[PDB]
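For reference, the structure is listed below as structure tokens.
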Ligand SMILES: Nc1ncnc2c1ncn2[C@@H]1O[C@H](COP(=O)(O)OP(=O)(O)OP(=O)(O)O)[C@@H](O)[C@H]1O
Ligand SMILES: Nc1ncnc2c1ncn2[C@@H]1O[C@H](COP(=O)(O)OP(=O)(O)OP(=O)(O)O)[C@@H](O)[C@H]1O
Ligand SMILES: Nc1ncnc2c1ncn2[C@@H]1O[C@H](COP(=O)(O)OP(=O)(O)OP(=O)(O)O)[C@@H](O)[C@H]1O
């Protein structure tokens, strides 16, 4: 009942690498994933794969828990962890079959990890010029939106560029929470735009198109028949007693909307449905009524202006209301939306509205937009850029093998295997593009031998050659490559450190 | 029903006949081409023979199936017709059956497939014969020198390709003789390739004549002779015997002595009749007596002893002389004057290192020569001799048959475009028969691309992209006669590379493969007893 | 399963969706019987009707359903054209998958061959507006004639061709299929099919009220109700049980004043005619005959749904809410005797965008065969006035694209040659299935059609009437170019969503 007992901890992580190796790159394949609520979904993002695939082996859960740390401090390269650290554990199995101990590979990996953190600042070619221009920003964002939505990057690189420039004067406060995404059904991606302030997809149900009131109250309860918090035994016998309750319901709701006018609040948000007679009372006292059925659309407004959602039927409470500058309506893309604009304030809220005919298609654009904001959320720190497309993966594999050859002793075996694990990432890019991977690696090492740096893969099915990444405009993030190498090495050293797994009762 | 076996009919015998025939094509799929892979031929005894030649594969392949037994006989119709081509018939006809098997499932009767294949075959010979090349360009214009240089690249001789390709080009054009009504062919016998140690491989010389690897022995006899008479004989001038197994009886001791004095006296009589003819070139297989060599250094006859028998058959064919087996003419002893003698011009004993050779010049009818492969050791000389023999047969088999065709995938790629446009001109339930005939011819570059370690979807499609432009517009910017260089993995022109194939190996391959695909497609019922 | 065999499991689930709508291609296609869980049978030849009722459980098969779900909402039909075209794109590249070709190379050549299909169609599409100096009324009479050809009304096909071109003229620029109604009543000859400019119903109201109720009205107030005005009604009754014998007179009188006060609110609103889904009793038709009011009950709700849109009113269940805000208006209100039955209809509405076409005949199969051809003939003459740049139907544009994508494939080296060359044979499913669904010989027609396209035939297609080939551009069988573009781009996009999928992830639930 025991065969190897050290190989089964690695084979569980090799299956986790295979679910994202073919899904790597701009030529990567999509995944037909099934939601837990029985919903069909088509995506190719690496973070949405692990969220739905409930992996159960705890040896492969270390790389998944490393992906949750990969989502922190950087929003770039979750697929880089599942490919590179998967190639670390696959190449480490060739050393253990010879007779090498597992503790010798551990100290040899941490030696080559600190050596790879010194060669990576030497490969920084360009940097951002901090001009806050749409030509400088969209030139670097065109590589990050690639490998998410290929072919439609010409419309996505300009829209997120117009959102992040409006936040860059607010220095030290740029984040992904300031740029929100609201999806509106429409024609396609060509009709999409970008707006300022908080934009919701639902229009104002009332007849007010513009109001300058600051007091905003949110009530999650729908507009229906009022129920007393006490017992409240209400009995009806005849038709005249039913009309006394029907007219008395409208008369009490007339005093309910009058309490909103007494506190000086002309903006009300209702989570549930609104009755037709209660909608007439809101338009009488010039009150803007916006219906928001989504709970995440209601929770977004409490964390911005402070207006809380109360369960009671319109309570006149002055303490739990929010504050905004100007709430109005705007007609963009043949659809009226509500804008929570900040006129007196300088403003740091931007909303990118996305249009599309398929909800399964518009959700993949939302993961491509939030990964585009997270590329420049990293660039609020020290600006360093590295060439992409497998350009840095060969030069880092060239210097480590040159370093491990000159170093004598038993530690030269784990350093040489640390460089060949970087070769799997151009092997993942060449295989997904329909090109023989053994020819591109030989074409990459032949041009890097002569000193022609910044050379990556030519993205073409018919051309197995290479091209320059500096003239092509392909650039990655150095901090995106810095935390990816450190977290994948710390994850792959954790799986090799654990030998056997024993179940225990609580 | 009570019969003497099992009966099976319908389309299930059509699908079983094409699966048994295409499985034989997989036996000769990887072995196609000059880079073909070896395959193990397991015998019933237990030993195995490693052969890569496809003609020897189908001879030893024994599959007890009647569908596979049909493809066994076409190997006998291929060597008896031309002598080459064999496995190219098998891959074409099996892919012809596999595409026709898809037509049976597509509600097409095979009668339209059989009549459509014969019209597709006859139009294939018409498009080939309209795009041929006459056997010419022997001197002055290269598609030759470069033709034999590709065959010479696999060995160590390919470092200096231009030096050794000139030795085989002028040797092929030297052995040309019509001999029947203006045929000219090339014989199975060729130049004799000798070797020596001439301190490097660059000291090879193109000798315009046969060179004998024998040493004349004595030095007092002169090595330069002017007379033309050449004598060849097989009987020994040494002491003769009756038989190796039958002997004569000798009883008296003095009787033994007088037959040795008679042997010394009858050697004086035979040398009087040989030198009376004036023949100085004396070549003897059985050896020359020691006192008989004394008479040759004073008369000036160039006597060579211990000559090989197979070397003397090319010498007597050179000067037109007759080989004399016995000197006794059934009652006495004569030399057969003016019968066993030829004519020549000059025989020089050239000083070659480690083997002083005998060269003959301007004989009666020889047309042969010799190449002295001077080198450094026996390793580089033995590998260069088989490289000259392999480069000789490449230029020989091309320049025989009276016209040639640029082959190596250039024939079938051009036929895949013309026969498709011809298929759209006929109709009448045979368009799909000719359109699948064009796609079935594409397996010849398809198996050649997978054996050349290249992408088969790119290398075959690069052949059809160039051959389509020859049919669209007749402008010279269209690449014409584009062959397939399997070494570099890039298509080139066959006229510049010199890759040529005979027409009779290309015509009879398309003729035999369609007649073999017709016979298997006509099988609709199986009867066993 | 990731790689090659996951694509084979998705390429076999594509066949079971195409086979459900393979035989329904063409007007003479075979019908399908789909039975739900309740036990009702549904016979339809429409491809959108079958795919809505299948509800397939396979995840790779749900992609081709949702593409046809987007097609019926925008274009209107042609769900079997985008299904067989997207299916045949996969069956040609299926032997290329096992060879080792990457599925991204299938994507890169599908985006190229689709863009060549758009440029070839727009260069070959001819705008037919006033060709050969003909009237536009005669052009729709010829194109609707081929839709009714080889049918049961071929004896009077010239009369039925004039009926479709008159119904499309009475509407505005906003043309739709659901605005036209088709009624099926039994009796009469075949040539007695009249036309109604507005909404008409069968009018099964056979209660009392004769020698009154004038059928002529200039501007009446159309009342739309759902109330019952019967004496033995289920909602208007009174049952009071007592011993008092003078109260016995009161319970019969107060039961009458319940119906009388509900009838008094009708005349107080000023409604000239009243309509109701529930039947109307004889004492309510007697009350309207005394006050000179028209009444006609027992009308269907679907006939009322086309009436409230045209008259400009709305349906109100109760009689208390009857006022001038919900009363409809019209200009012509007459009464006919078509087929011996009474027929009420309105003509000259301010929102007159709906009509009704009554059919006559001696057999019900002579009527249901026509209404399948009538709805197709309506959408043909709707597409003719909408899109002027049209091409020949019947597989004529598919055989021309198979010629253009074949010789261009031989000019492109690489992996795109053997794929786009297979893309040309994948477009042959439209003229091939037109022969097998019509019962012809698919071998002799397609071999004659491809031989005609090489000699110069650019508008020849498959004739569904005869077993011949004919120029469908000259035979007035047309299809718009923009629908053929939208059917080709949706077929390659649906074929892309099956090829690009490489692994299926199922959450454990
Ligand atoms: N078109 C391209 N040209 C050059 N390099 C590319 C291209 N596309 C991807 N890459 C390379 O792929 C790696 C990042 O690719 P990718 O966009 O798949 O990661 P990611 O999807 O952003 O990660 P995450 O899953 O966290 O979003 C980089 O090393 C980059 O060099
Ligand atoms: N010089 C050349 N360059 C490129 N291809 C060549 C050349 N010579 C031959 N070929 C290819 O090699 C193939 C010949 O294969 P091979 O010699 O292994 O068997 P074969 O001769 O076809 O069998 P058989 O003797 O029955 O005909 C031909 O199809 C031809 O296309
Ligand atoms: N009279 C005809 N002759 C030949 N082919 C026809 C004829 N009518 C229709 N077709 C074929 O039927 C196909 C259209 O099928 P179908 O009628 O189900 O869709 P549609 O109603 O035209 O589309 P839509 O839903 O956009 O109106 C076309 O591709 C055409 O080739």
*Zero-based 20 Å bins, Cα pair distances in chain C, whole percents*: 19, 41, 27, 11, 2, 0
*Quick one: if the Förster radius is 30 Å, what FRET efficiency do residue B:1 and residue C:99 give, using the C-beta to C-beta distance and rounding to 0.05?*
0.10
*asked:* Need one number: % antiparallel among DSSP beta bridges in chain A, to the nearest 5.
replied: 60 percent
*Based on alpha-carbon positions alone, could you give the equivalent ellipsoid semi-axes of region B:312-354 from the gyration tensor, as √(5λ), descending, whole Å?*
28, 13, 10
*Determine the equivalent ellipsoid of region B:372-529 by diagonalising the alpha-carbon gyration tensor, then write out the semi-axes as square roots of 5 times the eigenvalues, largest first, rounded to whole Å.*
35, 23, 16
_How large is the translational diffusion coefficient of region A:387-506 in µm² per second when you combine the Kirkwood radius over alpha carbon pairs with Stokes-Einstein at 37 °C and 0.692 mPa s?_
204 µm²/s
*Taking only C-alpha pairs under 8 Å that are 6+ residues apart, what is the relative contact order of region C:352-492 in percent?*
29 percent
*On a 0 to 90° scale, report how tilted helix A:239-262 is relative to the longest principal axis of chain A, with both axes built from alpha carbons and the result rounded to the nearest 10.*
60 degrees
*Counting pairs of Cα atoms in chain B, how many percent are more than 39 Å apart?*
46 percent
*Fully extended, how many nm does the chain gain between residue A:205 and residue A:255 (0.36 nm per residue separation, minus their Cα-Cα distance)?*
15.9 nm
*Given a cut-off of under 8 Å on Cα pairs at least six residues apart, what relative contact order in percent is computed for chain A?*
26 percent
_Average beta-carbon neighbours from other chains, 10 Å sphere, peptide B:419-429_ = 4
*asked:* As a test, work out the antiparallel percent of DSSP beta bridges whose residues both lie in chain C, rounded to the nearest 5.
replied: 60 percent
_Rounding to the nearest 10 and keeping the result within 0 to 90°, find how far the Cα-based axis of helix B:503-521 lies from the longest principal axis of chain B._
50 degrees
_For region C:103-215, I need the span (max minus min coordinate) of the C-alpha atoms along each principal axis, in Å, sorted largest to smallest._
79, 41, 30
*Extent of region C:14-91 along each principal axis, from alpha carbon coordinates, in Å, largest to smallest?*
36, 30, 26
_Using only the alpha-carbon atoms, how far is helix A:391-406 inclined from the longest principal axis of chain A? Give it as 0 to 90 degrees, nearest 10._
40 degrees
*Largest-first principal axis extents of the Cα set of region A:258-336 (Å)*: 37, 30, 24
*So how do A:412-425, A:334-347 stack up, highest first, on mean other-Cβ count within 10 Å?*
A:412-425, A:334-347
*Compute log10 of I(q)/I(0) for region C:373-481 with the Debye formula, placing one identical point scatterer on every Cα and leaving out solvent, at q = 0.11, 0.16 Å⁻¹, to two decimals.*
-0.39, -0.77
_Computed helical MRE - 222 nm, the protein assembly as shown, DSSP H runs ≥ 4 contributing -39500 (n - 2.57), nearest 500_ = -14000 deg cm²/dmol
*In percent, how large is the relative contact order of region A:197-347, given Cα pairs closer than 8 Å and 6 or more residues apart?*
41 percent
*Convert 10 °C to kelvin, take the viscosity as 1.306 mPa s, use the Kirkwood radius over C-alpha pairs of region A:64-144 as Rh, and evaluate the Stokes-Einstein diffusion coefficient in µm²/s, rounded to a whole number.*
98 µm²/s
_Only counting other Cβ atoms within 10 Å, I'd like B:472, B:188, A:218 sorted with the fewest neighbours first._
B:188, B:472, A:218
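From the alpha carbon gyration tensor of region A:121-187, can you work out the equivalent ellipsoid semi-axes (sqrt of 5 times each eigenvalue) and give them in Å, largest to smallest?
23, 18, 11
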*Over region B:218-326, consider all pairs of different Cα atoms and compute the Kirkwood hydrodynamic radius from their mean reciprocal separation; express it in Å, one decimal.*
15.4 Å
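Just to verify a number: FRET efficiency for residue A:101 and residue A:14, C-beta to C-beta distance, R0 = 25 Å, to 0.05?
That gives a FRET efficiency of 0.75.
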*Contour excess over end-to-end distance, with Cα ends at residue C:253 and residue C:241 and 0.36 nm allotted per residue*: 2.9 nm
*Would you mind ranking B:251, C:504, C:244 by Cβ crowding within 10 Å, fewest neighbours first?*
B:251, C:244, C:504
*Debye log10 I(q)/I(0) at q = 0.13, 0.19, 0.23 Å⁻¹ for region A:302-420, Cα point scatterers*: -0.86, -1.21, -1.25
*Beyond 43 Å, what share of the Cα-Cα pairs of chain A is found? Please give it as a whole percent.*
33 percent
*Share of antiparallel DSSP beta bridges in region A:197-347, in percent to the nearest 5?*
60 percent
*Which value, to two decimals, describes the C-alpha radius of gyration of region A:197-347 once divided by 2.2 N^0.38 Å?*
1.12
_If I model a spin label at residue C:305 and residue C:323 as a point 7 Å from the Cα along the Cα→Cβ vector, what separation in nanometres do I get?_
2.8 nm
*What is the order of C:415, B:495, fewest Cβ neighbours within 10 Å to most?*
B:495, C:415
_Stokes-Einstein diffusion coefficient of the protein assembly as shown, Kirkwood radius over Cα pairs, 37 °C, 0.692 mPa s, in µm²/s_ = 77 µm²/s
*Provide the packing ranking of B:137-144, C:284-291, i.e. peptides ordered by the mean count of other C-beta atoms within 10 Å per residue, highest first.*
C:284-291, B:137-144
*With the calculation restricted to Cα positions, what are the radius of gyration and Dmax of region A:1-150 in angstrom?*
18.9, 65
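Every number here is computed from the coordinates shown, using simple stated rules; none is lab data. Note: ideal-geometry Cβ built from the backbone for every residue, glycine included; neighbour counts use all protein chains shown.
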